[PDB]
Structure formats: structure tokens, C-alpha cells
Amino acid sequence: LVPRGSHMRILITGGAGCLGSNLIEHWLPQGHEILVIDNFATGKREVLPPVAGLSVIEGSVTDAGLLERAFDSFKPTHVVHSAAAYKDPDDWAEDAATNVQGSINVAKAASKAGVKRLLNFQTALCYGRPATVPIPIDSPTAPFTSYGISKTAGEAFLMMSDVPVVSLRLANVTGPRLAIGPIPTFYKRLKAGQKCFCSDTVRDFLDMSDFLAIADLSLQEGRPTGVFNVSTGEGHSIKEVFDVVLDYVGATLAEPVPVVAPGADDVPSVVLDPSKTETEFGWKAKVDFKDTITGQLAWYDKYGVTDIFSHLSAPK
């Protein structure tokens, strides 16, 4: 079993999604054994080819018996909890079941199984309308949407675990198979010459490579535990994203792009302060904004705007 002396058996809930599939493509070539649990609510079957070292259970983190059996059999050394429901903002029941009860079941199962470390991903919706930007890690949680409320409580339950837990509050991560948001929107619209708009909002953006680096650190024995902000700590407007994409695809506009006031629930600025993560993990994001966006675009050049292109080579 390899990496010699550092071989992991990783159980990844939500492993068929964006971050989950990128983590598999990162870890599987290293010889780690991976078990995915996913219900394919938003994740895709085609990112999980029948390949060596990779096992898949189709099912839900809401199903505590299923998890018990999975943990019982697979005996994971490490857990990455990447499953989340969000696609229907009115389906509060689903959000609470997946994000709260799913987090509880994973924490309970991981404790019984003697998991070494659990890694959870948290949305910046946990902060609600922030008192200040960039957002300090000691900011209160103050969510006001179903996705935010349920994810805040799931994280909070995971923090009560006797399992060492790292919960990463994430900037917007970019990389293979990201097929939603302003980046692919501006890409498909500008190339097609369709009409675009930008919310007058500010966000942070993180290259996949820097995400993989902190994920790696979070799973190492005796590293820090708790909640951490993962970002460059720099905010850029949606308009700035747009200007990068427009220059990249080499289009000229007929009229100025509208930059419009955000809707009532669209938080104007959400940028995370990473300083404590830099202090405690020794980690710093290496990829600037322009390289992050253009890196996303270069992937699109190569594969299309698709969440189903796998970098793994079947059959086994």
C-alpha cells in the first residue's frame, strides 16, 4: 500500500461533485483507496469511472444505517465530507436533512470508526451579511437562506465531534468541471456574442491547485483543528471577472456591460481573511486572480463547459 507509511483510506461524501471529483483525481493517482458516497442530486456518475482503488455507493448521508455499514466495512482512516443539498432554495426539508442530519450521521459514524481526521467544506453563506470585509475567522455566523442555515448547523455539529475536524470556509473555487456561475456564463455568452450583465458585487476566487494544497494539509496528523478561511484574501468585482474573460476570448462589445445593483439577498461583498490559516497551517494561496480566472477559461477551451469530462482513464 502506497504512499508508504502515509496511505489513506478516504471516505468522501459528495465525491461525485466538483470538489469531490477534483480531490479524487488528485488522490487516486497517489495510490490512496477511496470510497464515494453520493446520491447524484447534482453530482455526475461519469466522473467516477470503474477504476482501480475507487469504490462508489449510491446513497444518502441522511441514511445513518447505510453510513454505519459503509464505515464498518471500509474502515476509513480519513473522511472528507463534501455532500451538500442546495439546488432548491424552497426545499428547506432537504437542506436540513442533507446538511444537518447528514453532517451528524457522518460525525457519529466517523467517531465509532476511529477516523484520524475529518475535513468539511463550509459555504461563506454561513457569515450572512458580514460586519466587515475581508471576513475575519472569528466573525459570527448569521445565515438567512436555507442553504446557509442548514450548513451552519451541520458544521456546528461536526465541531462537537471527538474526531479531529477541520472545516474550511471557502472562497469560490475554480478548476476542472466548474460549470456554473459568472465565469462559464461570461465564457459561453461572450463567445456567442450574447448580452451579459454583472451584479455590482465583490467575491474572492481560489485556484483548484491552492484548494488541493490546503485539503492535503488538513488531513495530516497533528495539524490544527477548527474552522479556517481559505482564500487569497483579495476581493474582485464580477465586472473584473468579466473584463478578464472578455480580453481572454478576444471579443469586443456592441454596448457597455450593465453593472447592476444586487438583489435583496445577494450579499454585496463576500471576501475571506485567510491570515489564521496562513499562521497555523503555513499555507498561502499561490495563484493570483487573473491566473485563476484564465486557468478556468483554458480548461473550457480544452474540454468545453462541462461537468462530466473525467481526467481519469478507464477501464480499470
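The numbering used is simple: start at 1 and walk along the sequence shown.
- Stretch comparison (54-62 versus 248-256) by mean CA B-factor in the PDB entry places 248-256 on top.
- Stretches 21-29 and 289-297 differ in mean CA B factor, with 289-297 having the higher one.
- Highest CA B-factor among 78, 129, 169, 191, as stated in the entry: 191.
- Looking only at 149, 206, 180, 160, the residue with the top Cα B factor in the deposited structure is 180.
- Placement of the Cα temperature factor of residue 243 within the chain: highest third of the modelled residues, per the deposited record.
- In the PDB entry, residue 195 places in the highest third of its chain by CA B-factor.
- Residue 267: CA B factor in the middle third of modelled residues in this chain (values from the PDB entry).
- Annotation for residue 86: CA B-factor lies in the lowest third of the chain's modelled residues.
- Residue 232: CA B factor in the middle third of modelled residues in this chain (values from the PDB entry).
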